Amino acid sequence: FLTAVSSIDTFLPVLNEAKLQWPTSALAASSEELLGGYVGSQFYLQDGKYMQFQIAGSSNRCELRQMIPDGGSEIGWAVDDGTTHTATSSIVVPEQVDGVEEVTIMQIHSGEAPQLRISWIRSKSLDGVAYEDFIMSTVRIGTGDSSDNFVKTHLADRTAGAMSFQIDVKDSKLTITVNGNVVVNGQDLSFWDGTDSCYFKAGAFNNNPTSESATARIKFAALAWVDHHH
């Protein structure tokens, strides 16, 4: 068998507060199964150090979903509880194979919709400007499908090396920090006030591929989910 992610220390904290959804939103592995060596080509320890996710198919996923720690059930939190909800990661996004067009690698999601997706995308025009092979944030400020429901931002061009992300939610404001630099500062999340079902996700969620067989692949050198009280 392939080497399991839980065979080293690095990812135990997040695995203790996650379930794995694969190849759909249906459960693939509970937190205890993840901590206890769940492994396959979709989810294995790569190069002795990376938690690697792989998935093919439109809207299929191999994704961690935030859980209450220590064997608990699904978590839900609010964007304005006065704490800071923080997701940190260090991600190697390799060159994606032909047919893969957008891969969501971190999210904030609720009972109804994704508040935030951080995704790699092959090609995209944003605000009249073309970008290629880059990392994007998509924030929902509404529940509809037209442009004004979203704020989409170029976060960084994709790099060969690891790229760090920090997602902070505090007092209905979102901050995104890439390689130590604040890119998105205080994006408003007030539309979501009253929602108590938000949670973090991370991994690989395959969006709008041109081929159903093309396999997205994303490597995490680090991932953590932490609520900071103030």
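Just count from 1 along the sequence shown to find any residue number.
Comparing 201-209 with 185-193, the one whose average Cα B-factor in the PDB entry is higher: Of 201-209 and 185-193, the stretch with the higher C-alpha B-factor average is 185-193.
- request: Take the C-alpha B-factors listed in the entry for 145-153 and for 91-99, compute each mean, and give the stretch with the larger one.
  value: On average, C-alpha B-factors are higher across 145-153.
field: Member of 115, 86, 119, 73 with the greatest C-alpha B factor (per the PDB record)
entry: Out of 115, 86, 119, 73, the record gives the largest C-alpha B-factor to 73.
message: Out of 160, 108, 135, 105, whose C-alpha atom has the biggest B factor in the entry?
response: Top of the list by C-alpha B-factor: 160.
task: Taking the values exactly as deposited, rank residue 65 by C-alpha B-factor within its chain and report the matching third: lowest, middle or highest.
output: CA B-factor rank for residue 65: lowest third.
message: Taking only the Cα B-factors deposited for this chain, tell me whether residue 46 sits in the lowest, middle or highest third.
response: Middle third - that is where residue 46 ends up once the chain's C-alpha B-factors are sorted.
message: Using only modelled residues of the chain, where does the Cα B factor of residue 178 rank: lowest third, middle third or highest third?
response: Tercile = lowest for this residue's CA B-factor.
- prompt: Considering only modelled residues of the same chain, in which third does the CA B-factor of residue 59 rank: lowest, middle or highest?
  reply: Middle third, going by the recorded CA B-factors of the chain.
message: Going by the CA temperature factor in the PDB record, which third of the chain does residue 4 belong to: lowest, middle or highest?
response: Middle third.
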